[PDB]
Each structure stands twice: as C-alpha cells, then as structure tokens.
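Everything below concerns the one structure shown next.
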Amino acid sequence: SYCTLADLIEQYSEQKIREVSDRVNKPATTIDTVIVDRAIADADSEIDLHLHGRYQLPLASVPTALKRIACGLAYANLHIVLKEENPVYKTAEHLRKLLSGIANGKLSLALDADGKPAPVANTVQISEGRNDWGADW
Amino acid sequence: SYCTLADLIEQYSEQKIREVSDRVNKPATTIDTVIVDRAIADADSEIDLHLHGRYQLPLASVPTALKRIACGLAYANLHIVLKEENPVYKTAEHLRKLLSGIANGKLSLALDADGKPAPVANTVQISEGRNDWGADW
Amino acid sequence: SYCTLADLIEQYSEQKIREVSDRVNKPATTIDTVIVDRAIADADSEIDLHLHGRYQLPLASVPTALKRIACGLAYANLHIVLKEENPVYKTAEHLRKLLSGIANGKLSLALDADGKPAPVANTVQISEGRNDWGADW
Amino acid sequence: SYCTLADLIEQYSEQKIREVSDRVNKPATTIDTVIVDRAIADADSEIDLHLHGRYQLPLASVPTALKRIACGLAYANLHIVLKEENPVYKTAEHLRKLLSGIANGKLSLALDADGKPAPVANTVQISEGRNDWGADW
Amino acid sequence: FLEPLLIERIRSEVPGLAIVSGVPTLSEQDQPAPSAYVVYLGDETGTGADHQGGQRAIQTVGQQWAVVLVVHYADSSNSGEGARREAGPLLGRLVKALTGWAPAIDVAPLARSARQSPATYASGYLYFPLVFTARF
C-alpha cells in the first residue's frame, strides 16, 4: 500500500476521484472504496514487478517518490478507457519510465522518512575466498 | 484461473461486461458465464505461453500483476471485432509488452500474497563437479 | 482438430458463423459443416507447418493457446475476400506472429490440461561418447 | 524542503499559486497549504531520486539551483492535468534534464551559500594497499 | 433549447460491436457493426412570416438532418434482398425515435418524415442519402 485514498484525493482532488470511481450513479455521489483499493493494488503490483530485482518486496516503509508513482498509476488505472493522447496516459508513461530507470540502476530509490531502503543481496555473492598461507601462521 | 468474473466486473464495471458478453439479447440483460470463462481461459493460455520457460505452469498462487494482465487480456478477447486504434487493443498490447519483458528476464514476477513465485530449475543445471583429491583425505 | 464448430460459435457467436458459412442462401439460414471443417483443417495444417520442427505432429492433446490460434485462423479462412485493413486479418497476423515466436523458441507451448506437450528429439542427438579407461576398472 | 510557499509565490506570483492550489472555491480565494506541501515534497522526492548516488540524502543546505529546480517541479506538480505542449511541462522537462546531467557527472552541484555540498564516498573506495618492504625499515 | 431531455433516450448505443467510433466516406468493407450512421446535410432559414417574432430577431429556424444505412448483411454484391427489406422496421424505428419523438414543444415542431425520403445506391455495396427535416 504505497498510496491511500487520502493521497489520491490530495493529488487529484476529491471531485475527480468521485467522478472516475462512481460507476453506478449518474451524476456521481460517493467514492467507491473497493474500486480505489483495486486500482492502488494494481499500481503496487506493477511497481513491485519493476522493483523486485533490486530491493526486498515487503517494504517496511514507502519512499515519497514511490508514493507519487503509485498515485499516478492508480489514477491511470481508474479509467476504463484510456486513449494514447490522454494526458493522464502520458503521466503514467513518464512514471513507468522513472520505474524502469530505477530498475536499470540509473536512479536510486530515495529516503523513506530518514533511513535508506533495503537493497537485496544480489551483488553481495562471491564464492568464499580460499587464502590459506596468508593467516599469520 | 488468474482472474474471475468478479475481477472483470470490478475492473470494467458490470454494464460493460454485460454489453460485451450478451450476444443473443439486444439490449443485453445478463452476463454469459460461458463466454467470460472462455475469454479468461484464453488469456491464461497466452500468459502461460509467455511464462512457461521461467516458472512452473500450475501456479499455486496468482500474483497481482498476473491478475491485472489476465483481466485486460480477457476483456480484449471478449470483443468479436477489435481494430488497431481501439484503446482496449492498446491496453492489451501494453500488457503483452509487460509479459514479454517478464519472459526476457527484464521484469520479475512479484509476490503473490506474501511469498515468492516458484521459478523453474532451468538455470540450476551443472554437470556434477569432479573434485577428488580435495576432500580432506 | 484443435478447434471445433462449438469453439467457433462460442468465440464469434453463431450469427457470424452462419453469415460467413452459408453461401447459397441469402439471407443465411444454416451453418455449412463442410465449409467450417475445411477451414478448421486448413488452420490446423498451417499450425502444423509452424510446429513440426519442435513437437510431434499427431498431438494427443490440444493446448488452449493452440485452440485460440486455430479458432482465429479458421475464422479468417472462412472469408472469401479478406482485405489488409480488415480487423480479422490483423488478428490472424497476430496469431501467426505468436506461432512464429513459438517456432523460433521464444515462446513455449503451454499445458494441455495438466501435463506438458511432447517435444521432438531434435536436441537430444549426440554421437555416443567414448570414455573407456573411465569405468572403474 | 528545497523550496517553500514563499519561493513559489515569488517565482510564479501569488495569484497563479492561488489559482492552481484552490480546488474547492470557484473563483479561488486562498492558497491550500497542504496541496503545496505535497507538491513540494514530491519535487524533493524526485530530486533525491536523481541525486542519491552522488551526494548525501539529508542535505544540511539547499543549493540555489536546487531551489529553482524544486520550485519548477512543484509548480508542474500542482497541475491536475498537464499536456505535452504546455510550457510549464517544457520547463519541467528542462529541469529534469538539468538533474540528469548532474547525476551523470556532467554538471556539478553548486555552492549552497558559501561552502561546497557533501559528495558521497562512492569513489573513495580502494582495497587498502599492501606495501610492506617500503616503510623505511 | 430543450431537446437533450429526450435525446438522452433517443440515443441508446445502437451498435453492440462498435465502440468509441465517433460515428456522426463510409468504409462498407470493415465496419464492425451496423451503427446508426447519422449524417448532416444543411439548414433552412427564413423571415417575414409567422416564424419571425419581435425582439431577439429570432425565427423558427428550419433544420436538416439525415442518416446513412450500413447493414451489408444478405447484400454483399448479391442483390438488394435483406438490405432495406429488413431495414424497413429499423428505418421506422430510427425515424420515430431520432425524429418525431420530442419533449413538450411550443415553438419546436421537430418535424418528422415517415415517407417521401428517396435513397439511391452507389459504390457497389450500399448508399442511402436519407432526406429528413428537423425544424429545430
């Protein structure tokens, strides 16, 4: 859960979330929590797809850039039909580009609140090191 | 079964599923379960085609990204005629791009609920290792 | 027989199969079984052309992706005249691309119902291996 | 916090900040501090994403170029819908280009007020240096 | 200036396969479904009669509105059997819903034409230059 309904409302205003989330009432009246939850879950799943090879999956903290990316992807997911030239689609593409840059080691995952994220041990591995005759015998 | 009728309704609203699934009544009245089942099965078959070389086929759990991909492909399959510029076709193409990226080892299959997926033993294979004279004789 | 008349009806609705299969009655009244059988046979022949070098020909089971591909190709074959921009032609081209990817070893043929397909012994061949003096004499 | 509400007002005038920040009153009357804070936080998160590999994260001082970049990104973030040809989008792209140039070691992070920034110890690492027999024995 | 209240039900998503087609030359070879395919022809204007009033210099403005028929079912260069024979009821439905079904109207006649709307074919598949009046 890198973003919440509060984050979506704050980033896109409550009116737009209501309009793109209420599918049964015309005009919209309330925000459907289930739809928003599914959209946020899908955004988190995509982000994990991008970040699985460099960091641990169950992150204990959410970096701020991760919050922005999740909010953007979740909003893009709340559109049933999304055309290519829709600006929301372009924002989603830019965020996906940021994610790909992070995955390819060109961008670093920033601070969460004060501490660093937790990189995986992929680079750590070395055989073991056999150096007998060099132990001050 | 990476996605269900509930997932399709939640992602695309029940009205659209009814409209694209009911082919005998005009206007549509009910959702045809057989057609939806076949579309979901076809989406799962395509996804397995993409994922057979890196993971076990009968997955015991469904990763969330896999759910989103299956829902998108299933919805795209429910259209008898699908043109190139239809936005649903573009979404299907993006999801197929995600699948291809996963297959080529550029994206990782994320967590299912809390645990990792089950990669195949393709990389494990090595001859055996003949290292007599090195067993502390 | 990777697909049947039932599969074609389910994928494209009975009305469209009737319209593209009945050539002697205007308006169409019944589905011509012979024409559908020939179209399905042609689709199967093309698929076998694509799959002969990696799997056994007389497959004992039909993978689901194979069913979808066969249905699409069979429907495309039921059109006497098919232009380039017809969406059915584009679907046929996409399915042919999937087949070519399978043939070139970029996609794997998925599960049929629970078990794997039967790959051919093309890669198995090695000379024999002459390793006398290494048999614990 | 590389930029503040005062910086945004000074760079873009108070009227524009009021117009792009007040979402509940039409016409706008007051500047929403929470929305501005979130936009500034997102800009800072992106900048940290770009600068994590060359400098320490919790910078004790804010370089002036960093202030300009943060102000531009924050203003770009205050737009719910931002098209490609919007000049604010172009300014954001130019600032992102500046950030990327800094990250790739083509531009240096300037003075904060009088002293240099604090680069990370990434380049410092060397093994240790074994040079016995050269210590004036 | 009140038609939308009934237009809402006038339009009911006629095609089941065509999605986001922005319908109102035709292809006649790759159309997913037989949509309404409405067309626009022109306008009718006049003054110096009961149409014109006092202030605002407005009058009962004649309005033109037509449709295009796209079925190509049972008519694929074979014969005109099933093209308009099946359309007849469909043509009546279209002309009764899209036209002649107006809200409470005082100076909005919303003229409808059940007959006297000739149509000629061309291009080898199907053409239908419908001629109907709207008056509003």
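Residues in the structure tokens are named by chain (A, B, ... in the order shown) and by number from 1 within that chain; ligands are numbered from 1 in the order shown.
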| said: Applying 7 Å and only C-alpha atoms, which residues near stretch 118-124 of chain A remain after dropping the ones on its own chain fewer than 2 positions away? List them as a list in words. | reply: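 Result of the neighbour search: residues 54, 55, 56, 116 and 126 of chain A.
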| Contacts of residue E:95 at 12 Å or less, counting only C-alpha atoms, minus same-chain residues fewer than 4 places along, as number ranges by chain? | E: 10, 36, 38, 65-68, 87-91, 99-102, 110-115, 117, 130-134
Deliver the residues from the most recent selection as a file, using N, CA and C atoms, as a PDB file, in the first residue's frame.
```pdb
ATOM      1  N   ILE E  10     -33.301   9.047 -26.955  1.00  0.00           N
ATOM      2  CA  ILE E  10     -33.221   8.869 -28.402  1.00  0.00           C
ATOM      3  C   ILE E  10     -32.004   8.026 -28.752  1.00  0.00           C
ATOM      4  N   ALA E  36     -25.930   3.455 -36.390  1.00  0.00           N
ATOM      5  CA  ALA E  36     -26.936   4.368 -36.923  1.00  0.00           C
ATOM      6  C   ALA E  36     -26.392   5.145 -38.114  1.00  0.00           C
ATOM      7  N   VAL E  38     -25.503   8.514 -38.593  1.00  0.00           N
ATOM      8  CA  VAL E  38     -26.214   9.759 -38.856  1.00  0.00           C
ATOM      9  C   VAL E  38     -25.325  10.686 -39.672  1.00  0.00           C
ATOM     10  N   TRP E  65     -31.451  17.181 -41.231  1.00  0.00           N
ATOM     11  CA  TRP E  65     -30.845  16.064 -40.520  1.00  0.00           C
ATOM     12  C   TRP E  65     -31.141  14.791 -41.294  1.00  0.00           C
ATOM     13  N   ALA E  66     -30.107  13.992 -41.547  1.00  0.00           N
ATOM     14  CA  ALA E  66     -30.240  12.780 -42.339  1.00  0.00           C
ATOM     15  C   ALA E  66     -29.426  11.667 -41.694  1.00  0.00           C
ATOM     16  N   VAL E  67     -29.580  10.458 -42.237  1.00  0.00           N
ATOM     17  CA  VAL E  67     -28.914   9.271 -41.714  1.00  0.00           C
ATOM     18  C   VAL E  67     -28.364   8.462 -42.881  1.00  0.00           C
ATOM     19  N   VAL E  68     -27.407   7.592 -42.570  1.00  0.00           N
ATOM     20  CA  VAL E  68     -26.820   6.665 -43.528  1.00  0.00           C
ATOM     21  C   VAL E  68     -27.034   5.254 -43.004  1.00  0.00           C
ATOM     22  N   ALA E  87     -34.495  -3.413 -43.184  1.00  0.00           N
ATOM     23  CA  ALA E  87     -34.335  -2.072 -42.634  1.00  0.00           C
ATOM     24  C   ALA E  87     -35.683  -1.409 -42.384  1.00  0.00           C
ATOM     25  N   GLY E  88     -36.692  -1.749 -43.183  1.00  0.00           N
ATOM     26  CA  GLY E  88     -37.988  -1.114 -43.114  1.00  0.00           C
ATOM     27  C   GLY E  88     -38.448  -0.870 -41.693  1.00  0.00           C
ATOM     28  N   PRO E  89     -38.618  -1.945 -40.920  1.00  0.00           N
ATOM     29  CA  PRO E  89     -38.899  -1.759 -39.487  1.00  0.00           C
ATOM     30  C   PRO E  89     -37.816  -0.969 -38.775  1.00  0.00           C
ATOM     31  N   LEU E  90     -36.548  -1.214 -39.113  1.00  0.00           N
ATOM     32  CA  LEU E  90     -35.462  -0.456 -38.500  1.00  0.00           C
ATOM     33  C   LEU E  90     -35.516   1.009 -38.913  1.00  0.00           C
ATOM     34  N   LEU E  91     -35.846   1.278 -40.176  1.00  0.00           N
ATOM     35  CA  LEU E  91     -35.979   2.659 -40.626  1.00  0.00           C
ATOM     36  C   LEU E  91     -37.106   3.360 -39.883  1.00  0.00           C
ATOM     37  N   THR E  99     -36.357  11.184 -34.609  1.00  0.00           N
ATOM     38  CA  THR E  99     -37.192  12.296 -35.035  1.00  0.00           C
ATOM     39  C   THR E  99     -38.645  11.991 -34.707  1.00  0.00           C
ATOM     40  N   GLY E 100     -39.427  13.049 -34.503  1.00  0.00           N
ATOM     41  CA  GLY E 100     -40.829  12.912 -34.181  1.00  0.00           C
ATOM     42  C   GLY E 100     -41.119  12.562 -32.739  1.00  0.00           C
ATOM     43  N   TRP E 101     -40.098  12.276 -31.937  1.00  0.00           N
ATOM     44  CA  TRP E 101     -40.246  11.994 -30.513  1.00  0.00           C
ATOM     45  C   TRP E 101     -39.602  13.163 -29.770  1.00  0.00           C
ATOM     46  N   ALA E 102     -40.387  14.206 -29.545  1.00  0.00           N
ATOM     47  CA  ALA E 102     -39.906  15.456 -28.985  1.00  0.00           C
ATOM     48  C   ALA E 102     -40.488  15.698 -27.599  1.00  0.00           C
ATOM     49  N   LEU E 110     -40.131  19.947 -34.448  1.00  0.00           N
ATOM     50  CA  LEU E 110     -39.451  18.661 -34.582  1.00  0.00           C
ATOM     51  C   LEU E 110     -40.129  17.816 -35.660  1.00  0.00           C
ATOM     52  N   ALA E 111     -40.099  18.345 -36.880  1.00  0.00           N
ATOM     53  CA  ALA E 111     -40.771  17.693 -37.996  1.00  0.00           C
ATOM     54  C   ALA E 111     -40.180  16.312 -38.247  1.00  0.00           C
ATOM     55  N   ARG E 112     -41.042  15.375 -38.633  1.00  0.00           N
ATOM     56  CA  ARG E 112     -40.647  14.007 -38.923  1.00  0.00           C
ATOM     57  C   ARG E 112     -41.222  13.593 -40.270  1.00  0.00           C
ATOM     58  N   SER E 113     -40.471  12.760 -40.989  1.00  0.00           N
ATOM     59  CA  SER E 113     -40.845  12.315 -42.328  1.00  0.00           C
ATOM     60  C   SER E 113     -40.840  10.794 -42.360  1.00  0.00           C
ATOM     61  N   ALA E 114     -42.029  10.190 -42.300  1.00  0.00           N
ATOM     62  CA  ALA E 114     -42.137   8.738 -42.386  1.00  0.00           C
ATOM     63  C   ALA E 114     -41.912   8.240 -43.810  1.00  0.00           C
ATOM     64  N   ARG E 115     -42.477   8.927 -44.797  1.00  0.00           N
ATOM     65  CA  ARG E 115     -42.353   8.575 -46.206  1.00  0.00           C
ATOM     66  C   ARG E 115     -41.704   9.728 -46.967  1.00  0.00           C
ATOM     67  N   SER E 117     -38.908   9.943 -48.650  1.00  0.00           N
ATOM     68  CA  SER E 117     -37.480  10.100 -48.371  1.00  0.00           C
ATOM     69  C   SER E 117     -36.711   9.157 -49.287  1.00  0.00           C
ATOM     70  N   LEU E 130     -30.473   9.707 -47.128  1.00  0.00           N
ATOM     71  CA  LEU E 130     -31.746   9.996 -46.481  1.00  0.00           C
ATOM     72  C   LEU E 130     -31.991  11.500 -46.428  1.00  0.00           C
ATOM     73  N   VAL E 131     -33.265  11.877 -46.517  1.00  0.00           N
ATOM     74  CA  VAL E 131     -33.684  13.275 -46.514  1.00  0.00           C
ATOM     75  C   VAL E 131     -34.791  13.408 -45.475  1.00  0.00           C
ATOM     76  N   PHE E 132     -34.469  14.005 -44.329  1.00  0.00           N
ATOM     77  CA  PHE E 132     -35.435  14.244 -43.267  1.00  0.00           C
ATOM     78  C   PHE E 132     -35.303  15.675 -42.767  1.00  0.00           C
ATOM     79  N   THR E 133     -36.388  16.184 -42.195  1.00  0.00           N
ATOM     80  CA  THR E 133     -36.431  17.526 -41.636  1.00  0.00           C
ATOM     81  C   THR E 133     -36.386  17.461 -40.115  1.00  0.00           C
ATOM     82  N   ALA E 134     -35.819  18.500 -39.512  1.00  0.00           N
ATOM     83  CA  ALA E 134     -35.727  18.620 -38.062  1.00  0.00           C
ATOM     84  C   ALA E 134     -36.435  19.849 -37.521  1.00  0.00           C
TER      85      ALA E 134
END
```
| task | Using only C-alpha atoms, find the residues of chain E whose closest atom to chain B is at most 8 Å away, then write them as a list in words. | result |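 Residues passing the distance filter: residues 16, 17, 19, 20 and 32 of chain E.
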| query | Quick one: distance from atom CA of residue A:32 to atom CA of residue A:77 in Å, one decimal? | reply |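 Computing it gives 14.0 Å between the two atoms.
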| request: Compute the set of chain B residues within 10 Å of chain C, using only C-alpha atoms, and express it as a ChimeraX atom specification. | output: /B:22-24,34-35,38-39,41-53,57-58,77-84,100,103-104
| request: Would you mind telling me which residue in D:59, D:31, D:92, D:99 lies nearest to residue D:71 when using only C-alpha atoms? | output: D:92
